[PDB]
Structure formats: C-alpha cells, structure tokens
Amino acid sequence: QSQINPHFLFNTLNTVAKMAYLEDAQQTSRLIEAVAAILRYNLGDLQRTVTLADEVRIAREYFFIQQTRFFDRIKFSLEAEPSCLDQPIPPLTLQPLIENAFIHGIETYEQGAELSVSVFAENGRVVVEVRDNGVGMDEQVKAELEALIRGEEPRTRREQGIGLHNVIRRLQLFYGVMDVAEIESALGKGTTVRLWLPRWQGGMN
C-alpha cells in the first residue's frame, strides 16, 4: 500500500514555502516552488486531459530540481516543436519515461550520464522521444513491453509510481490505437522510448 500520506505532504510543503518566503530564502523558495508544482500536478485527476505543453512544463521543473542536485553527473536536454505542444494527452505520460531514463543514467555513470527529451511531428503523429545513454534495458522487460504495445497482456506477477506499462495502456485507451510506442535499446548503446501519438488538432474527450 502507500506508506505516505500525499495531502499532508503537499500542505506541509506549502508551510515550508511560506517560511522560506518569510526568511527571504530565495533559492530555497525556487526549489520548493518546483517540487510543489510537480506534486500538485501528480495529485490531480489522472483521467483529466492536459496538453504536451503541460507535460513539458512539469519536465522543466523536474530538470531544474535534478540539475541542482546532480549537475556534475548528468546532462539534460529538452527540445520541442511548439506546434506539437497543443496535443491533448493523458497527464503523467512523460514523467515516468523521464524518471526511467534518469535512473538508467545515474545507475550507469558516476559522471557522463545523458537524458534527452525531444517532441516533434512526423507524418500524422506527434513523436515524443526520451533517450538515455545507459547500459540498455533488460531484454525480457523490453519484450513484455512490446507485447503490451501489440495488445497481448503480459505475464501477471505478484507485487506489480506509475510505470511504463501504465503509460502505454493509458495512451492506447486515450487515443483508441494500440501502436503508441516503440522501444529502441541495445547493450552499451542506451535506450530510447519513442511515443507515436495520433496528431489531434484538439480532441480532449
């Protein structure tokens, strides 16, 4: 179950933010503002519709926080075509991919990790690429994800926040198409998770 209570955490973060302002701790206030933004977004209704612009905004807050702590170890890159950012999308689509690539990087490198996010149009899809230079994801994990993308329910296992499996399922349900992602990975050559989202000039629901 969840051993943490998020509502208490969020309110407490607000109290910390108030004290940081009262003590004129400007850099502390900026960090709290970033993590409060992420927490608030992740606590929202998971069935709402947002746009890629909202997802990218949250990504920037994440990179600001992580850069503060890990500046010597990992390089972050974020690029996006503006015309793609009004794409409707389920919330918390991008963050699980970014967290995945971040863990890949810091587990593989003392320094030299790389995490890149790219958002761009290709034919009639909006492509979202999240790339890391890690050691490459496990072959069986990759196979089960690809089976899920094809519509085959993978093996149910005990003790199975939001992972790549849930992201893929929510995208398939949201867009009404199964082929919403592909995974590119090889030993020593890193991992790219590439989302292929049907271009929707507007449909939240």
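From 1 onward, residues are counted along the sequence shown.
Novice: Unmodelled residues of the deposited sequence between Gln160 and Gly161: none, 1 to 3, 4 to 9, or 10 or more?
Specialist: Missing in between: 4 to 9 residues.
Novice: So, looking at the entry's B-factor column for Cα atoms, which has the higher mean, 195-203 or 1-9?
Specialist: Mean C-alpha B-factor is greater for 1-9.
Novice: Would you determine, from the values in the PDB entry, which of 99-107 and 113-121 has the greater average C-alpha temperature factor?
Specialist: In the deposited entry, the stretch with the higher C-alpha B-factor mean is 99-107.
Novice: Could you say which of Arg60, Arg169, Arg155, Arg30 has its CA atom at the highest B factor, as listed in the PDB entry?
Specialist: Of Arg60, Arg169, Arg155, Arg30, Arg155 has the highest C-alpha B-factor.
Novice: According to the deposited entry, which of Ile89, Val128, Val135, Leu78 has the largest Cα B-factor?
Specialist: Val135 has the highest C-alpha B-factor of those listed.
Novice: Once the chain's modelled residues are ordered by C-alpha B factor and cut into thirds, is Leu145 in the lowest, middle or highest one?
Specialist: Its C-alpha B-factor belongs to the middle third of this chain's values.
Novice: Looking at the entry's B-factor column for C-alpha atoms only, identify whether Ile38 ranks in the lowest, middle or highest third of its chain.
Specialist: Middle third of the chain for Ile38's C-alpha B-factor.
Novice: Report the third (lowest, middle or highest) to which the CA temperature factor of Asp54 belongs, ranking only the modelled residues of the same chain.
Specialist: For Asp54, whose C-alpha B-factor we compare with every modelled residue in the chain, the answer is the middle third.
Novice: When the deposited Cα B-factors of this chain's modelled residues are ordered and cut into thirds, is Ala17 in the lowest, the middle or the highest one?
Specialist: CA B-factor rank for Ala17: lowest third.
Novice: Split the chain's modelled residues into thirds by Cα B-factor; is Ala186 in the lowest, middle or highest one?
Specialist: For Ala186, whose C-alpha B-factor we compare with every modelled residue in the chain, the answer is the highest third.
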